Amino acid sequence: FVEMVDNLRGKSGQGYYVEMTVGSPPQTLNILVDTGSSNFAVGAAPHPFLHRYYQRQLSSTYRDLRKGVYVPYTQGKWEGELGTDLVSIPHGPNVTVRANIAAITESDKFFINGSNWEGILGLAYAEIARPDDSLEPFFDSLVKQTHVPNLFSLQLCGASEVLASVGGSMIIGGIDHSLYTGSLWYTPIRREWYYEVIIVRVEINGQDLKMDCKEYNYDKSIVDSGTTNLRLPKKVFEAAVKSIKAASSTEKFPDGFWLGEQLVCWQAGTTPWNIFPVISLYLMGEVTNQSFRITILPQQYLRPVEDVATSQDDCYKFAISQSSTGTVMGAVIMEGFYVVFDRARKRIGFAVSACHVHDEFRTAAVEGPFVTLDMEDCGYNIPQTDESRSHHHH
Ligand SMILES: CC(C)Oc1cc(CN2CC[C@@]3(C[C@@H]2C)CN(C)S(=O)(=O)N3c2cccc(F)c2)ccc1O
Ligand SMILES: [Zn+2]
Ligand SMILES: [Zn+2]
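As documented in the archive entry, the model was determined using X-ray crystallography at 1.5600 Å resolution.

A. Inspection of the UniProt feature "active site" in the protein at higher detail. Per the UniProt annotation, the sites labelled "active site" are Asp34 and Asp224. Summarising the element assignment, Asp34 is placed in strand β3 (residues 27–34). According to the relative accessible area criterion, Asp34 is buried, its value standing at 8%. Residues within four places of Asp34 in sequence aside, it is in contact with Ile120, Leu121, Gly122, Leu123, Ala124, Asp224, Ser225 and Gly226.

B. Representation of helix α1 (residues 138–145) within the structure. Taken residue by residue, α1 has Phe138, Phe139, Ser141 and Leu142 as its buried positions. Down the axis of α1, the smallest arc covering the buried residues is 160 degrees, so these residues share one side.

C. Molecular detail of the nonpolar core. Core analysis: the biggest nonpolar cluster contains 100 residues, and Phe40, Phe138, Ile244, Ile294, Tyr301, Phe318 and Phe350 have the highest contact counts within it. Counting contributing residues, this core receives three or more from each of domain 1 (16–148) and domain 2 (149–394). Once residues lying within four places of it in the same chain are set aside, the contact partners of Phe138 are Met20, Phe40, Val87, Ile89, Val97, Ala99 and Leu121. One finds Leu32, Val69, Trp78 and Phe111 within the second-largest nonpolar core, a separate group that totals 15 residues.

D. Region of the structure containing the packing of aromatic side chains. With the rule as written, the count across this model stands at 28 aromatic pairs. Ring centres of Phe40 and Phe138 lie 5.9 Å apart, and the angle between their planes is 50 degrees; this geometry places the pair in the tilted category. Taken together, the positions of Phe40 in strand β4 (residues 40–43) and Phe138 in helix α1 put the pair 98 residues apart, joining distant regions of the chain. Of the two residues examined, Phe40 and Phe138, each falls in the buried class. Measuring from centroid to centroid gives 5.7 Å for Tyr180 and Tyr338, while their planes differ by 20 degrees, and the two rings are stacked. Placement of the pair is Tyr180 in strand β11 (residues 180–188) and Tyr338 in strand β23 (residues 337–342), with a sequence separation of 158 residues. Just as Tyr180 is buried, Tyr338 falls in that class too. Joined through ring pairs, the aromatic side chains of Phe253, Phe257, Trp258, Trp266, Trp273, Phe276, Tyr301, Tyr316 and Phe318 make up one cluster. Between the NZ or CZ atom of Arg191 and the centre of the ring of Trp193, over which it lies, the distance is 3.8 Å. In this arrangement the basic side chain of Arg201 is found over the ring face of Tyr282, its NZ or CZ atom lying 5.8 Å from the centre.

E. Examining the coordination of the zinc ion (ligand 2) more closely. Binding of the zinc ion (ligand 2) to the protein goes through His392 (ND1) and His394 (NE2), at separations of 2.0 to 2.1 Å. Each of the two residues, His392 as well as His394, counts as exposed.

Conventions adopted
Residues numbered from 1 in each chain as written, not as in the entry; some residues may be left out. Chains lettered and ligands numbered in written order. Heavy atoms only, no water. UniProt positions renumbered as here; feature names shortened; annotations may be inferred. Helix = DSSP H or I, 4+ residues; strand = E, 2+ residues; numbered from the N terminus. Buried < 20%, exposed > 50% of the residue type's maximum accessible area, 1.4 Å probe, protein only. Contact = heavy atoms within 4.5 Å. Arc of directions from axis to C-beta. Core = buried A, V, L, I, M, F, W, Y, C linked by side-chain atoms within 4.5 Å. Domains from an automatic or database assignment. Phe/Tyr/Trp six-rings, centres within 6.5 Å; stacked < 30°, edge-to-face > 60°. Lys NZ or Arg CZ within 6 Å of the ring centre and 35° of its normal. Donors = N, O, S within 2.8 Å, 3.2 Å for Na, K, Ca; no water.

What follows is the structure, given as structure tokens:
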């Protein structure tokens, strides 16, 4: 696993990427590591924001699948052509595999200017692959074609003219013990589509939010390396902000700050970290009635942004935001921990990162067990659409 350490890079808030090669001879591309999606897709046509792209005509091993795919989202979209080719991760397992590749021909608000990545590695399950679940995801192909164990783990690490560079590790096929401290605690994967989990309790500075736990998972809770923020459902978001405004009340920040639309600054190094509370998310444990907590510091949720106008100040963005599609445990959550995607055992492990950002008074934590009696089911059941229902599953 030594050779996979530090195999991720990126710019702050622009996702983490790993180097990959596609085709024969190998074409090198930087690929966004996304546990929030399930397609392996690469820019395969010139784009203002792409320095380079996949040129299928240049690969002797490319096989066109003679099928197009259309992938829209709320904030962006891409369309492309399906095919297969030889794919490798140079700073990954010492194997080359034949995987599906979506060759992105048209896109809108998908690629980011200066992010230095040209494709996406969707690490989630076939259920959410486009156009449907018969398009085998990359990781499934990797495990099927090689002896690579059905597990990967992510260690996402910290951050004038440019955004800060971030570093990290994607350990394919195992757990690297030098990447964490203390115990690895596991939460069950609720269902294999997104990496769906269940949050049972939420505390802000040791104070319970006092909400029906179903609210925490309305309409789902997922672990997403492709999202920067800790995203919370509307009602949960409102309660966390009121709680966070309460603890930091000595500072009257504008409304733009709480919406993540404005930065707040202090004199260089005078950040009053102590007025901001810790946030603990209790995750369902492997044992009924048991849970563990992951505690995040304000250093995780107040993202540094270098003001070119005021370089003599430390400025921050609020990186907790409102969601209408459930909780998203993005980079804000992941950066404090070593996160184990144990597909083989259908569970996600969390441990304190060997690289987490902390002060001399508090530390990001992973602690357990915690118990509850006669505990209700915190999981939400998404209303079944007739379209979804009509699908056959052969
Ligand atoms: C690194 C980040 C800053 O940027 C990107 C992150 C991702 C990964 N992943 C983010 C969440 C996703 C789906 C997408 C696959 C789902 N959401 C509801 S979304 O907001 O619609 N969204 C999204 C967000 C932006 C563009 C877009 F096409 C979709 C992909 C492309 C990015 O540029
Ligand atoms: Zn049928
Ligand atoms: Zn099917």
